[PDB]
Every structure is written in C-alpha cells, then in structure tokens.
Amino acid sequence: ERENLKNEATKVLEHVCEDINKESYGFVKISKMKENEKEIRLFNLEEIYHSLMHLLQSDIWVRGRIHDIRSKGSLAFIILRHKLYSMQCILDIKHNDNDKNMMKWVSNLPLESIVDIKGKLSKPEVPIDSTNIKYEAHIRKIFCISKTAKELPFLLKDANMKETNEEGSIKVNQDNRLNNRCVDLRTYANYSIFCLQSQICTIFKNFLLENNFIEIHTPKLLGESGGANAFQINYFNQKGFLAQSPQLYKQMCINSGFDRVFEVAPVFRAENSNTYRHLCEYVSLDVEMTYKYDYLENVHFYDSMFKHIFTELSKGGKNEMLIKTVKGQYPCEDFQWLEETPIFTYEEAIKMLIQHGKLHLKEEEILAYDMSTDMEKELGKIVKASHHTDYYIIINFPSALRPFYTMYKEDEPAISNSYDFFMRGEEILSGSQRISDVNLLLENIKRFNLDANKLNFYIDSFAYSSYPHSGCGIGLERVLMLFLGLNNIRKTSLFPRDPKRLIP
Amino acid sequence: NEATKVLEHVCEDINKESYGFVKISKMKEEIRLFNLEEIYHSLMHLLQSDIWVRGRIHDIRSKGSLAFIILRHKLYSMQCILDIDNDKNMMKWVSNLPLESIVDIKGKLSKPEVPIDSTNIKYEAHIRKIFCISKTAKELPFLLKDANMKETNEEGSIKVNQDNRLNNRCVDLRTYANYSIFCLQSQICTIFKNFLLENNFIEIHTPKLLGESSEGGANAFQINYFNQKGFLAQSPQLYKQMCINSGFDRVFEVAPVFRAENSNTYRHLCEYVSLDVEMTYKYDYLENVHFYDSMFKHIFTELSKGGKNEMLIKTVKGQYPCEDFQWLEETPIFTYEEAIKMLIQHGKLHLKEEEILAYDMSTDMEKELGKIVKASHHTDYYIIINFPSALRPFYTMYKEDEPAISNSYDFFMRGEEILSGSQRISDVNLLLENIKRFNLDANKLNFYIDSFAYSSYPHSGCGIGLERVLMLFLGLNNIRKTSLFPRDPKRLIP
Ligand SMILES: Nc1nc(Cl)nc2c1ncn2[C@@H]1O[C@H](COS(=O)(=O)N[C@H](O)[C@@H](N)CC(=O)O)[C@@H](O)[C@H]1O
Ligand SMILES: Nc1nc(Cl)nc2c1ncn2[C@@H]1O[C@H](COS(=O)(=O)N[C@H](O)[C@@H](N)CC(=O)O)[C@@H](O)[C@H]1O
C-alpha cells in the first residue's frame, strides 16, 4: 500500500528525543537538556563573537535561531543568529555514521526555530561574508527546543534588504512590517535601532545625574488643561485627560525646591494628522532647572548635553557597530556637528530665508510670521551649506507663537526668551525661560484667554516664591530618527501609535 | 506712607544701596553666586572673603537690633545674622520679609561660638547686603515648622492633615523629610537601571494606549482613541514579552501604569511607576529568580551605604522613625505551601492539606507572615515561590508534573509584596490552552499570541512598584508619601 513508508518517515520528521545522551537530534523539552545527569555549559553567539573577534579545544554547546538553512545532499548549512551575531554551522553526515534520518530531520526544520547545537568550532579557508563570526561549528548534535509553528508573514532575507530598485527585488512595506512587528524587529537594522534608542536614554540620564539632577515621575492622568489635542478619559465619573507633557508638574517641582529635575516618560497627543514625523504617543525627555541671573546659562547647558550625546553615540566599538548595521540597510551621511553650535535669532533666520529666495514677506507682516515645518527644513539646508553642520539653535521666538508659560523680554514684550534645537533641519527640542512671577503669570494667562481656575493648583505653586528657571522637552524617537536620517518616525518607535494604528 | 515706602523699597542700583527688592536684570557689577549645597560640601577656600549666596527664608526672628534668618536650600540650612552700619531703615525692611522669600545675601562666613543645632551647616553668615528676588505673595496654608514635626497624637497638638498636605503639595514637598524621600526615589531608579545595564539589558519603551487590557479588563481605564475603543495599560506585560519573542534577550522598562481599582487604601494608587524586567534563561527559570534577588540585594546595599544616602535616610527618620531595613547575605526562599503552613503552625490559619492551594493569601495574612519571618529569620526581605496556578495570570507557566503549582514568585519587604513575576509560557499551543482555561478571548490577544508562533525563547520577568519599594524600605505609613502627585479614586488634582 506504500503508506507505511510515509508514516515511518513522518515519525522521523516529528522525532522527540528522550535522552540526549543516546541520540543526536530531535525536539526536546528543556527539562531533558542534561548531559550525564549534569548541566550544560551553554554559549550564545555574543559571547562567541567577543572571545573570537578554550572553546576551540573541544566540543561546545551553542543556542540560537535558525536564520537560514541550505540543504546540499549529504551537507546541510545552518546560519545561527543571536541579536546581530550569526555563525554558519555544518552538518556533514558522511561524518555522522551515515544517519540519513538525522539529515531528513534537520532539513525539515522551519526558519526561526531555536536549536541547541553541540559541535566543534574551527576557522575555514574562505569564511562566509554574511556571518560576522568567522568560525564555523561542525555539528555533532542538534536539538530543537522551540519549533516555529506557522508560516512567516515575510522572509527576513527580504526584510533585511536595502532599498530595491533592482530586478526581482522584494520590498516589505510599512503596513506589513508594523502588523507583524515581532518579526520585523528581528532584522539587524531594527535590532540596532532600538539598542541605539536605549543608548540615548542612558546617555541623557547619566549626563544629567552627573550634573546633580534628580529624576522625577509625574502623573499622566490629569483633571483639566491645549485641550484641542488632549485625549479624554472617564476618571471615576470625573472628566479626565491624558498629559500632553509634564510641563506643569516639572515647574511645580522647581517651585518646591528640587532645583534640577528630569523625566523620561510617555506623553499622549491627539493630533488627528497622519504624518511621517509625529505620533499620538511618544517618549518625552524633559528638563527643568534654575539659573542664577541669565537663562542662557541653561541654554548653553542644554547645548552641551546634546554635543555630549552626539559624541557618545559616535564613539566606541559597540555604538560604531550598531550605526554601521543600521546604515547597511538605510544608508545616510554621518551626522555632523560643530565645536561651537550656531545660534540664530528667529528674526535672523527669516532674513536668511528671504535672502536665499525661499521666503517672501511684506515688511509689515514679519513679526506675525509662523515658520512652517517645510521652511525650517529649507533653513537647515542653508545652514548645512554655510556652516557644515546638521545641528543648530534658534532663539527669541515671537511671544504670540509660544505657550503661555514662556517669559517674554521685559523691554520688548513681543519677543520671548525661547529656543528650539534642530537636527537635519527638524525640531528636536523646545523650551524657554519661564515666567516665575505669580502676577505676570496671571496676566499672561488672561492674555491667552485661558481659565486661571483650571490652573490654580499650578498658579498657586508660584505664590510662595519662585526661583528663576527654564526647561525643555525633547522627542526621544525624533532624536534617534534624525541622527540616523531615517524616513519615518515609525522606524524609531517600538509599537507606534498613530490615528489609524492602535495595534499591535 | 513714609514707613510703607521703606518696607516696599525697590533698589535701582545694587552697588550703592545694600537692601531692597531687585529684578534679576539689575544685578550686575555679575556676582559669583553660591548655594547652600556647595557651601555644605566644601565645609563639611571661600571662607577668606565675602561670598554671595541665594536661598529661601526658612525662619526669621528679630532680636531687638539683631535679625536671625535661617536660610534653606533642599536639605541644607544655615543661620544668617543682621546687626546694623546703624542703618535702621534696612533692619525694618529685612524684619518684614515674609517666610519662603528668595534672597541673595552677601556677607562673610565665620565659625560660630555655639553652633546652631538646627542648621546642618555649622557656620554662620554676617550680612553685608541682602536683596529679595522673589517675595512670597501669599500666606502659606500651614507653617513649615509644623509640617516638619513628628506627629504627637494628643489633644490640642499640631497636626497637618494628609489632605491639607496633598492639596498643597508644592509646600508639603519643602519639608526636609519629603525632599529626602524623593531624592531616594531617584536613587532607586538609578541603581535599578545601572544594575541592569551593567548586565547587558537594554531599556525599552512600550505603549500605554491599547486596544485590549494587559492585566484583565475589569480594572482598566477606558479611552476614546479616534473612535476606537481603547484602554490604558495596566502593565507593559504583553509588549515586554513580545520584545523577548523578537530577540532582545534582556529588557527593562521604567514607566507609568494605570489601574482603575475602585478602592481607597493606604497601599495602592490608580497610577504608579512600574519597574519591569523580562529576560531569557538557559534551562531553569530559577537562574532569573536568583538574578532578580541579587538585583534587590544590590539596591538594599547601595541605598544603605555611607555618604549621601545615610544623610537622606537619616533626615527621613527624623520625622518618621523606623528601624533600619534588614536583609540576609542569603535570601530566604519559601514555597507558597511552606508559608501557609508557617501561618497554620502559628495559629493564624486553620486549613486542611487539600485546602491549602485554594487559599489566596490576603494582605493582612502576608503582614502576619512578615512578622513571623522577622522573628525567626531576622530579616525584612524574603521570597515566596510556587504559587497556585489558579491564582496567577494566564501567561504563568505551571509545573508540568504538578500543574496545580506554578513557576511564579513574589518578593516581600516588611511583609508586603514589592515584586510579582513568573516563568512565562513560551509555547504557542500551551499558551492558547491556558487562555481558554482562563476563559479569555484569544482574538483580542491575537497580536500577542502571534508573537510566539515563530519560536519563543524560555523567558521570565517581573514587575515592581517603585513607590511601594521606597515606602516599605523607609517603613512609611502610606503610599501617598512616596508618590509626588498621587492619584487615587478621590484625588485627580493636583
Ligand atoms: N506628536 C509628536 N510626536 C512625536 Cl514622535 N514627537 C513629538 C510630538 N510632539 C512633540 N514632539 C517632540 O517633543 C518635543 C517637545 O514638544 S513641544 O510641543 O514642542 N514643547 C513641549 O511640550 C514643551 N512643554 C517643552 C518645554 O517648554 O519644556 C518637540 O520638540 C518634538 O521633538
Ligand atoms: N494599584 C497599585 N498601586 C501601586 Cl502604588 N502599586 C501597585 C499597584 N498594583 C501593583 N503594584 C505594584 O506593582 C507590582 C507588580 O504588579 S502585579 O499586578 O502584581 N504583576 C504585574 O502586573 C505583572 N505583569 C508582572 C510580571 O509578571 O512580570 C506589584 O508587586 C506591586 O508592588
């Protein structure tokens, strides 16, 4: 009937190993991975890469995901992957007792399955280009502790590929990647992107901690309020909102005597506007601090904070490899900055734009001009050409274009003591000297047609004195996207939220 | 009006007046300004001349032609003395400065004969000049002197209500203990992050706007997300597992979570900062448990060392006394069954053997176990493992040869839960089985389930209450003392 032959070969493909002491292959439960009633010294590819670029003397155990597997008759080639490390492993069954069933079982493993391999490492004449570990494991044993259960939504070979203008080049589009984000995050570049994101949080916090800041956590469930862009929730039959920013609370912390504070936390913004550059939820980096007599003391401090961030991102083996891996798939010129950061007034920036023919305004209607986002990018091109930098500062915005807490110039009330920082022509930071006089604050709140009653907890925090202070807010994802030159904010947010995407 | 003009005197030139309210712009000669933290750290050499120093007027007293000002900044105070010069108009202006005003004082530093017991800067300043850059506009809601005192529960004594403090949090936070508490909160965050980063973790940030609850829809806040039905995250549980499923191997998050518990208790809030860890293990999830244990031991060690942290803990204990937090060199680990049998042996519970795994230990019972283990093991810190499967969430992996027990754990400080975690189910078929066994909607969770379907590493994780860890470390009586602007069902403001 020739059916028994198929059922037997199926038992081979599904083989469960009951004793890794007496067998060389199979699916195995984690609790059975004991060799001689003892525990296995198990390596990952990261350790292997550091030591090699003792475990060359004899057989070792190594764990990883099956990135790729190529069957070639009596040979089979496995690429193992861990993070951004990979290594070719070789099963040569003319070297394993002509166990053809073991080869049948190995060839049948689906991509991404997790295996523990026992084998010998050695260096080959011509190492594989794709693998950054230049040794190979010769497989003595291979057991699968987790088998892929389902066809992948797309192949990693395709998702890892640079921009495709070539014949037969398959792209994986944004919607597909984000709907299958846990597969998309396995590309080398995406892995590197979020290691770099972590790296920015780390450098940010450590710089501020070294300058005597304390970290704060302030609430995101608010009771009142730019109400236009605020998500609403029912807070126990009370009318509540999600924080668009920790603004009010970080200031209240300075009014309490904390002197220097920072927060790393989500904020929530209901901008019904699908763009490549904003999200409805993002991680905000917030700083608030006192100054002595000049708010430029703090500006120059914020500036050296970003020069330190850029310097650390661009220094050392680890950060060098992460950036290179991103650039392999998403090429872009290295981010440039100067020893002295260029600073331009809003008024100077306009005149540069009028002078380069990018902007036309009647000599009356200059103060009221609200520079567009496209125009800010035109300004960046100009400053890149004339100052050879991707990073500069704009100060002294018109008070009418800034929020109500922004201190204006005493002797020129239409100008404010405010500032934006730019990376590749796009805003990464916004801040200002604060109004720290209760009566001025009350006046400016009235002058903005705002309800002082819904702000009195905040207003009242200024009524028992208030140090001179300033602050800024920073988009983490935006800093990472613009440092690397990526085309979309969704590339630097783990599970992006926009007005059409609530899932994953 | 003549005496009023002198009390409201605005100084238009600092070089030649010596007193008055002055704007920040009219303050150049620019001075070299000091704060009391720089003073304190350099003394406990600027003592050779007149220095400028800014601070708040913590206390002021007019001993005839003498004026005593206690200047305050953060945790540091120093006594400053005015004794006219014979410029009586200046003594009038100073004596009327309301408390909490911010002044720039210029003068000389001298060792005092009798060091003031109150000021931890055991020097004094002699005032050559004093200006007020910020004048208290309003009468405080209570006095800092009363806010700083230990609460004597007797008739007619001072007591600043919790409600009064929280309604006026920006004054409340100026007490020496409250400032110290939140410095210690930053310290925990720092020790936690740095320990993980040194162990090769990466920081992740995952969304708090969801289409489905992460810890059960009964206690989740509802949100209108552009005409979708949404919820606030109760924990990053689903996303931190997805990141392990994506290969990140070791992740942590420090981020708010939101829980709509309609109970007003002393130990829980509706918003708190969750410290979350998720990581792979090789063969045995106890590898990660021991690692979590060693993280907390490191935190306790670093919090308890000499220097700044001892000063901070000491400042807190001055107003809120409590014995130092203790832990052993080797942490005690009890199974859930053993913990229950300790409670039975001490007459706190009457349970037959076959009823033990069905008992769900209450908060009071856990405090009772805390007292038992404190008397017998001499520690404030222990671990319980092997909780009943039916009492833990659906992502908890059960013991294969003993399914009614799970591979789960809580950590405790002073008998109260600070951490909860478990080995995760890392098999997509077993996960679907457990989702159904817990009568849950696999369709709502599909994005999460699916992340296990292209292989899943053995992993575990845990979630930690930042505010509760600080509260229990210091022995404080209410979670609202370790959250800056606490949220409970009755308080949305500040
Ligand atoms: N929808 C968004 N999506 C993404 Cl991804 N990033 C966004 C979005 N919106 C903003 N950012 C980023 O956050 C930055 C700060 O925000 S802000 O509005 O300009 N001013 C602050 O709130 C203000 N309180 C700061 C202060 O004065 O201390 C900004 O520079 C961008 O980089
Ligand atoms: N209302 C509250 N207020 C305040 Cl202030 N703190 C609270 C509140 N609720 C809880 N905590 C604290 O957070 C801890 C973890 O929370 S959890 O529910 O037990 N388990 C996790 O969610 C689970 N996904 C973790 C995992 O398996 O990795 C807990 O130990 C407490 O310390």
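The rules behind each value
For each chain, positions are counted from 1 along the sequence as written; this may not be the entry's numbering. Residues without coordinates are not shown. Whichever chain is written first becomes A and whichever ligand is written first becomes 1, with later ones labelled in order. For the side-chain quantities, the full set of heavy atoms in the structure was used; hydrogens and water were omitted. Residues with missing side-chain atoms are left out of burial classes, side-chain pairs and their counts. Following DSSP output, two strands are said to pair if at least two bridges run between them. Only DSSP runs of H or I reaching four residues or more are called helices, and only runs of E reaching two or more are called strands; each is numbered from the N terminus. Contacts between residues were defined by any pair of non-hydrogen atoms, one from each residue, lying within 4.5 Å. Each axis is a line fitted through C-alpha atoms, and for a helix only the stretch in contact is used; angles between axes span 0 to 180 degrees, taken between their N-to-C directions. Using a 1.4 Å probe on the protein chains alone, a residue whose accessible area is under 20% of its type maximum counts as buried, one over 50% counts as exposed, and one in between counts as partly exposed. Here a residue counts as near a molecule or strand whenever at least one of its heavy atoms sits within 4 Å of it. Two N or O atoms form a polar contact when they lie within 3.5 Å of each other; inside protein one atom must be a possible hydrogen donor and the other a possible acceptor, and for residues adjacent in sequence the pair counts only when both atoms belong to side chains. Only the protein chains shown count as covering a residue, and every accessible area follows the Shrake-Rupley method with a 1.4 Å probe. Classification used: nonpolar for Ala, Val, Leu, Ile, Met, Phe, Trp, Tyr, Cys and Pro, charged for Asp, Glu, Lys and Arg, polar for all others including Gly. Salt bridges are counted wherever a side-chain nitrogen of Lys or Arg sits within 4 Å of a carboxyl oxygen of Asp or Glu. Side-chain rings of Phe, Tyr and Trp, where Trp is taken by its six-membered ring, are said to pair if the distance between their centres is within 6.5 Å; with planes under 30 degrees apart they count as stacked, over 60 as edge-to-face, and otherwise as tilted. For a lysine, the NZ atom is tested; for an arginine, the CZ atom; a charge sits over a ring if that atom is within 6 Å of the ring centre and within 35 degrees of the ring normal.

### Remarks on the sheet that holds strand β18 (residues 418-423) of chain A
All names here are of chain A. One open sheet accounts for 8 strands, arranged β8-β12-β13-β20-β19-β18-β15-β14; its pairing is mixed. Of all the strands in the sheet, just β8 (214-215) and β14 (343-345) have a single pairing partner and so form its edges. Strand direction decides the pairing type here: strand β19 (residues 426-433) and strand β20 (residues 469-475), joined by 5 bridges, are antiparallel. Looking at β20, one finds that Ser430 is bridged to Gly473. Contacts from helix α11 (residues 346-355) reach β14 and β15 (391-395) within the one sheet, and its direction differs from that of β14 by about 90°.

### With respect to the pairing of strand β13 (residues 281-290) of chain A
Residues and elements named next belong to chain A. Among the 10 residues of β13, 10 are classified as buried, and the element is accordingly described as predominantly covered. With 9 bridges connecting them, strand β12 (residues 260-268) and β13 associate as antiparallel partners. Bridge assignment links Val267 to a residue of β13, and that residue is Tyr282. Looking at chain direction, β13 and β20 are connected through 7 bridges and run antiparallel. When the bridges of β20 are listed, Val287 appears paired with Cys472.

### Looking at the site of ligand 2
All names here are of chain B. Around ligand 2 sit 22 residues in total, of which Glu215, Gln237, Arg259, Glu261 and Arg424 are the nearest. Residue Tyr272 places a side-chain N or O atom 2.9 Å away from an oxygen atom belonging to ligand 2. Contacts to ligand 2 include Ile418, whose backbone N or O atom sits 3.1 Å from an oxygen atom. For ligand 2, whose accessible area on its own is 660 Å², the fraction buried by protein is 93%. Of all the secondary-structure elements, those providing two or more residues to the shell around ligand 2 are α8 (237-245), β19 (416-423) and β20 (459-465). It is β19 that contributes the most residues to the shell around ligand 2, 5 residues altogether. Its residues assigned to classes, the shell around ligand 2 comprises 7 nonpolar, 8 polar and 7 charged.

### Overview of the pattern of salt bridges
Using the criterion set out here, one finds 53 salt bridges over all chains in the structure. When the shortest N-O distance is used, the salt bridge between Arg81 of chain A and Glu112 of chain A registers 2.8 Å. One end of the pair, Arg81 of chain A, is in strand β4 (residues 75-82); the other, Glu112 of chain A, is in the loop between α3 (100-107) and β6 (114-122), and 31 residues separate them in sequence. Judged on exposure class, the residue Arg81 of chain A and its partner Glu112 of chain A are both buried. For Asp488 of chain B, the salt bridge is made with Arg480 of chain B, and the minimal N-O distance between the two is 3.1 Å. On the accessibility criterion, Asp488 of chain B (5% relative accessible area) is buried. Under the relative-accessibility criterion, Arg480 of chain B is labelled buried at 5%.

### What about the interface of chain B and chain A?
In this assembly, 98 residues from chain B lie in contact with 102 residues from chain A. In terms of residues, the side of chain B that touches chain A owes the most to one element, helix α7 (residues 176-198) of chain B, which gives 10 residues. Within the side of chain B that touches chain A, the residues separate by chemical class into 52 nonpolar, 23 polar and 23 charged.

### Digging into the packing of aromatic side chains
In total, this model carries 64 aromatic pairs over all chains according to the counting rule given. Here the aromatic rings of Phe404 of chain A and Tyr405 of chain A are separated by 5.4 Å at their centres, their planes lie at 70°, and the arrangement is edge-to-face. Of the two residues examined, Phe404 of chain A and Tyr405 of chain A, each falls in the buried class. Plain terms: the ring middles of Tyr225 of chain B and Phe226 of chain B are 5.1 Å apart, the flat faces sit at 85° to each other, and that makes the pair edge-to-face. For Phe226 of chain B, a relative accessible area of 22% corresponds to the partly exposed category. A cation over an aromatic ring shows up here: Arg260 of chain A above the ring of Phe301 of chain A, its NZ or CZ 5.8 Å from the ring centre. Sitting over the face of the ring of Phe397 of chain A, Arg402 of chain A holds its NZ or CZ atom 4.4 Å from the ring centroid.

### So, the sheet that holds β20 of chain B
Residue and element names in this part refer to chain B. Reading across from one edge, β8-β12-β13-β20-β19-β18-β15-β14 is the order of the 8 strands in this open sheet, with mixed pairing throughout. Because the sheet does not close on itself, it has two edges, and the strands there are β8 (202-203) and β14 (333-335). In the sheet, strand β13 (residues 271-280) pairs with β20 via 7 bridges, with the strands oriented antiparallel. Bridging from a neighbouring strand, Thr280 pairs with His459 of β20. Across the face of the sheet, α7 comes into contact with β8, β12 (250-258), β13 and β20 while running at roughly 155° to β12.

Worth remembering: the numbers are spatial, not functional.
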